[PDB]
Amino acid sequence: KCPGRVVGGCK
Amino acid sequence: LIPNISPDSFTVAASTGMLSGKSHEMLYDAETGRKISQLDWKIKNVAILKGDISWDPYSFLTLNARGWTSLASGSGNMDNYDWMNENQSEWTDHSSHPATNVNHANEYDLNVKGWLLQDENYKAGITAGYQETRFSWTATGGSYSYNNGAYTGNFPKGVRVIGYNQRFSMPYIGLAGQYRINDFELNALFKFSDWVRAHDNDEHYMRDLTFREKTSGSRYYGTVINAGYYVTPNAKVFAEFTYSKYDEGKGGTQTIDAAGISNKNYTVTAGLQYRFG
Ligand SMILES: CCCCCCCCOCCOCCOCCOCCO
């Protein structure tokens, strides 16, 4: 889902 | 009636100088309004060329096309903050990208001025026009603090991280005044819109994501002031300062709400204006 952040992988 | 086509009804101007400013690419929770994401895009230094063509078809009416454009890539900056934790006010993530370029920028402004008051020294009128402004940045390299400082480090030098474009367009209304005493001339303009339409485009290269946002019905405020000296009856050397503020609007987000898109910018230029005839 990670909004905005340069890299994802928000778990 | 048939418009004035005399050469002296026509005036052109060009100036050069610098553009600077700051944009914001915003994201909010569409239920609480909580700010979850904020990217600040800086325009530090961009060389610009500014042009103006003005025609007086009638004594009371001036038609004007003006704009400016970046002469080359300029320097900028970007910071990317994210608030992933709804409980906590401080951001969870921050990246900083000093190696951000302003690829290009421009503005075009097509307008009419209806002159309602005039004497030998002073002319004043109401202006209305259509205006659009665009900026493009590429953020490369930089450093990061993620997951509350648990991960910190740098991105690889010169690798592009995020590509971002904004555009704002609007009809506007304004007041324009022109003062002339002997060879000195001052022009001042104040512009406003309550119906800006904004779009942006965001390429997150390390996530293979493209984001698109759009808002409408937001506000704009702008000023133009210039002062100069006639060195011939037809030629004026001048300096000009402008300021523009595109307020943040509230709109939708797309991935291939609630998003906010905003900008402020300044220009400082100097040049020459020439009236034909
Ligand atoms: C065009 C007749 C004026 C009617 C006033 C309505 C105001 C609405 O704003 C429209 C702005 O667009 C005007 C186009 O300006 C012409 C610029 O080019 C002329 C330079 O040669």
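Atoms within each ligand, like the ligands themselves, are counted from 1 in listed order. Scope of the values below: all heavy atoms of this structure, side chains included, with no hydrogens, waters or symmetry mates. We name chains A, B, ... by the order of the sequence lines, and we start the count at 1 in each one.
Ring to ring, B:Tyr243 and B:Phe241 are not that close: their centroids are 6.0 angstrom or more apart. Ring-centre distance between B:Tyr229 and B:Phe184: below the 6.0 Å cut-off. For B:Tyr144 and B:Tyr151, the gap between ring centers reaches or exceeds 6.0 Å.
Partner B:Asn64 forms a side chain to side chain donor-acceptor pair (under 3.5 Å) with one of B:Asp52, B:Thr11, B:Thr127 and no other, that one being B:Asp52. Across B:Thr100, B:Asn101, B:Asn103, B:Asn165, a single residue satisfies side chain to side chain donor-acceptor pair (under 3.5 Å) together with B:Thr138, and that is B:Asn103.
Residues lining ligand 1 at a heavy-atom distance below 4.0 Å are given as B:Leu63, B:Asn64, B:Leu110, B:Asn111, B:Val112, B:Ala128, B:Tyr130, ordered by chain and residue number.
When the side-chain contact (heavy atoms from CB on, under 4.5 Å) test is applied to B:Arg34, the partners found at least two apart in sequence or on another chain are B:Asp29, B:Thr32, B:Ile36, B:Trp83, B:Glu86.
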